[PDB]
Amino acid sequence: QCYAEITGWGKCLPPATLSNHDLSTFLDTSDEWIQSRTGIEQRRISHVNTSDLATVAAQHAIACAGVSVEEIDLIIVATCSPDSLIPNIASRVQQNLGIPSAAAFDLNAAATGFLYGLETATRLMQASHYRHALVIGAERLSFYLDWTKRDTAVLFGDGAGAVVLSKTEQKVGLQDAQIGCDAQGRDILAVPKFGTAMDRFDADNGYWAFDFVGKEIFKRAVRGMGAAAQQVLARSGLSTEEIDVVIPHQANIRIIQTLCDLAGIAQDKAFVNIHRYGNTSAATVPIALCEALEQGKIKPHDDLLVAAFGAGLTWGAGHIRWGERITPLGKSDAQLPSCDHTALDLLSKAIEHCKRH
Amino acid sequence: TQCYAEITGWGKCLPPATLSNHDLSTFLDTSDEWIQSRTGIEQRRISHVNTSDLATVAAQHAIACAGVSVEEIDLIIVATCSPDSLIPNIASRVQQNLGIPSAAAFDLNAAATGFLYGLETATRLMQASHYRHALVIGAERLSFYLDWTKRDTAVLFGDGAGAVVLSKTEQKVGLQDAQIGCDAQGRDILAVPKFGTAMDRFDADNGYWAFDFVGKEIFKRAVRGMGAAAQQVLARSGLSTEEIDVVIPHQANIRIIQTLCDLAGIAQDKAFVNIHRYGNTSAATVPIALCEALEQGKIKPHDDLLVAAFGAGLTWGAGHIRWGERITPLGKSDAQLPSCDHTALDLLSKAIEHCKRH
Ligand SMILES: CC(C)(COP(=O)(O)OP(=O)(O)OC[C@H]1O[C@@H](n2cnc3c(N)ncnc32)[C@H](O)[C@@H]1OP(=O)(O)O)[C@@H](O)C(=O)NCCC(=O)NCCS
Ligand SMILES: CCCCCCCC(=O)O
């Protein structure tokens, strides 16, 4: 019996920041409404592709773990916004990092993708011959947004988070997990016409709908994450009070609060950074984990509950038992190339096109 | 304690519209003579429906074949590089279509090696955790991507889907050892760089994307990648090469398949080939081939199978499957695609005209 210890953690947030005030200059919205309803103050807009965000996050996690790129056997990138479909962006991260041989694939389960990835990498390592793995959640959601619709335009940001996993006999890392999907919620969070269903030669194919029914997402997410968390906790044999930290998906603060309240988990145990970055889909959990560790929220031997949901409607929860070390072995100098533009400047073309159309 | 994931169901979905080599000759400077001689491809299928619809039908056939209830399916993996949509994933669409409650549902992209990646992943998930039954699907609508003015690539690819159902068991069956990987130095020799979030969303000409393709370099890297993976798998199995009963390869090029077998010392007649009927269907190739090998009586109970594949990445893989007792379906499915009211040329008419005009 082995386990997959989380030995490295890292993040990459692009520098360009879009404030609620910035959004109010081109949409009929306010910082007052957004902060009160969502809890989001700011979000980051990438000047580079998803794979570049993923690469920097991975470099930080590798340094943190002190592992050699020659030791990495498996690379999973969880994303719904890959640079390209052919080939996958896991292979681009592999190419960028100079990792020889590793299995490299992209996984799409929306914002639950990082937990899906962590479950998958963990079980691969437990049942087969993978010694070290790199699991990355990375998104450039700004690509997708309709800048005339305030409902969806204020919720999402770009970013990437990463972990490195190391095979061990110590009972650490992901213990039980339950992942799933409520396919009856499929049509309430969707971009139906980007992908091979779109008309390739229609000049207006860029003006797609972002389907979004917020109250239905709320209900299904709470139900989905809640029951998954219960299964995990029940299988662990832990009482609810033994959970030290909750690392949730960062989509909505009231969802996080409701999840904890219905579970009877203390509100102050949930790590929240949505105010800074908004919803970065698959990046939310690994960015949050990385920041929780940086800010001293996770102690050695802590019991963590991870929980997430996403378009699908995918859902999941996991129980992580932390090991001995909460400090990086090394630091990485890795950074994105310099950003010569403001967030409004980056979005200028897309805003003008959506408004004209 | 030690369990295994038996392949208990297999199924396929090939769309009805057939594009012949003659059809291709009416709008490209090519001939059936050249294509059949050079590639061995006679026909390929062009879908009138989205990838998820192909995936759904293949799954229905596999589920009937396995005699499993949709309530028993705990995991759905769709390997594809041509999904209907990115948000949400198409695994969830298959789940919605089939009425599967609760199952983990995700899309996996490792190009044509995706089915083997999927089979490895589902197997290990079942071995290390609480998944009793899984559905693993390779499904593609590659016709979406093609430049119909370029005969080089336009004659090689097709649409389709294949599926398996896996069932947890104590019997030493299903996927035994596997080795999967990626040669990222081959990343730039097979690619469609400008479809995805790297593309200009508001450029009216963003549909006319280029391909990176260096055929001799793909050949070399694919043979090297699959060959060494197959060796690792065989070496870990403790089997001699003569004990392999059937090879189920990726159907990209017949000389690649031949070279793989020759360098491994595997008899050429053990490799199952259906590229002549369907061309390269990326992640669907292996599961369609497996399904057809079973239908045609090529796989016996207790046979040792070698699966091998490669794809853009350059991803690569091999697997050793030990077959169990049953090679016949428990049930048949009536599931079919909706009627196709168009010929393959009619389906491709708009895309052909646009590519020619541009
Ligand atoms: C076995 C192998 C020789 C197969 O070759 P092939 O792709 O079937 O055919 P080739 O690319 O060698 O083409 C041979 C000639 O036919 C011509 N040709 C190509 N497509 C044609 C068409 N549709 N009609 C008529 N002639 C054509 C070419 O001009 C070429 O001549 P050239 O060498 O002077 O350019 C292999 O070594 C190879 O090169 N494969 C390339 C692709 C590959 O290996 N994998 C792709 C999977 S994604
Ligand atoms: C132009 C798109 C064709 C599909 C390329 C991937 C096929 C493979 O992996 O073998």
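We use all heavy atoms of the structure for the numbers below, so side chains are in, but hydrogens, waters and symmetry mates are not. Counting starts at 1 for both ligands and their atoms, in listed order. Numbers restart at 1 for each chain; the letters A, B, ... are given by sequence-line order, proteins then strands.
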Between [options], which one has a non-hydrogen atom sitting closest to [atom]?
atom	options	answer
atom 7 (C) of ligand 2	B/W209, B/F211, B/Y145, B/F157	B/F157
atom 47 (C) of ligand 1	B/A252, B/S282, B/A154	B/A252
atom 14 (C) of ligand 1	B/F219, B/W34, B/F310	B/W34

- Query: Where does the angle between the aromatic ring planes of B/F195 and B/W209 fall among parallel (under 30°), tilted (30 to 60°) and perpendicular (over 60°)?
  - Reply: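 Tilted.
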- Kindly assign one of parallel, tilted or perpendicular to the pair A/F201 and B/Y208, based on the angle between their ring planes and the thresholds 30° and 60°.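 The arrangement is tilted - the two ring planes meet at 30° to 60°.
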- Under 3.5 Å, is there a donor-acceptor pair between the A/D52 and A/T55 side chains?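 On atom types as modelled, these side chains do not qualify, holding no pair under 3.5 Å.
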- Establish, from distance only, whether the side-chain atoms of B/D159 and B/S143 form a donor-acceptor pair under 3.5 Å.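 Side chains of B/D159 and B/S143: pair found under 3.5 Å.
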- Item | Polar atom proximity, B/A112 to ligand 2 (N or O, under 3.5 Å) |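 Yes, at least one N or O pair falls under 3.5 Å.
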- Ignoring hydrogens and angles, tell me if any N or O in the side chain of A/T196 forms a donor-acceptor pair with the backbone of B/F144 under 3.5 Å.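 No.
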- Query: Taking the non-hydrogen atoms of B/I256, is any one of them nearer than 4.0 angstrom to ligand 1?
  - Reply: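 A heavy atom of B/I256 does come that close to ligand 1.
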Quick one: does [X]'s side chain get under 4.5 Å of [Y]'s, heavy atoms only?
X	Y	value
B/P287	B/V136	no
B/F310	B/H250	yes
B/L166	B/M126	yes
B/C81	B/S282	yes
B/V273	B/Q251	yes

With the threshold set at under 4.0 angstrom, would you say [X] reaches ligand 2 through any of its heavy atoms?
X	result
B/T153	no
B/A312	yes
B/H250	yes

- Item | Interfacing atoms of ligand 2 (cut-off 4.0 Å, heavy-atom, B/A111) |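 Those qualifying, in numeric order: 9 (O).
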- Item | Proximity of B/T113 to ligand 2 by residue part, where a heavy atom lies under 4.0 Å |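 Neither; no heavy atom under 4.0 Å.
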- Can you sort out which atoms of ligand 1 are near B/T30, meaning under 4.0 Å from one of its heavy atoms?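 Ligand 1 atoms under the 4.0 Å threshold to B/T30: 22 (C), 23 (N), 24 (N).
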- For B/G215, atoms of ligand 1 separated by under 4.0 Å from a heavy atom: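 Atoms satisfying the 4.0 Å criterion: 41 (C), 42 (C), 43 (C), 44 (O).
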- With a 4.0 Å heavy-atom cut-off (strictly under), which part of B/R255 contacts ligand 1: side chain, backbone, both or neither?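 It is the side chain that touches ligand 1; the backbone stays farther off.
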- Message: Residue-level breakdown please: for B/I254 versus ligand 1, do any non-hydrogen atoms fall below 4.0 Å on the side chain, on the backbone, on both, or on neither?
- Response: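 For B/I254, no heavy atom sits under 4.0 Å from ligand 1.
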- Protein residue, atom and distance nearest to atom 6 (C) of ligand 2, heavy-atom basis: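 Checking every protein heavy atom, the shortest distance to atom 6 (C) of ligand 2 gives B/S282 OG, 4.2 Å.
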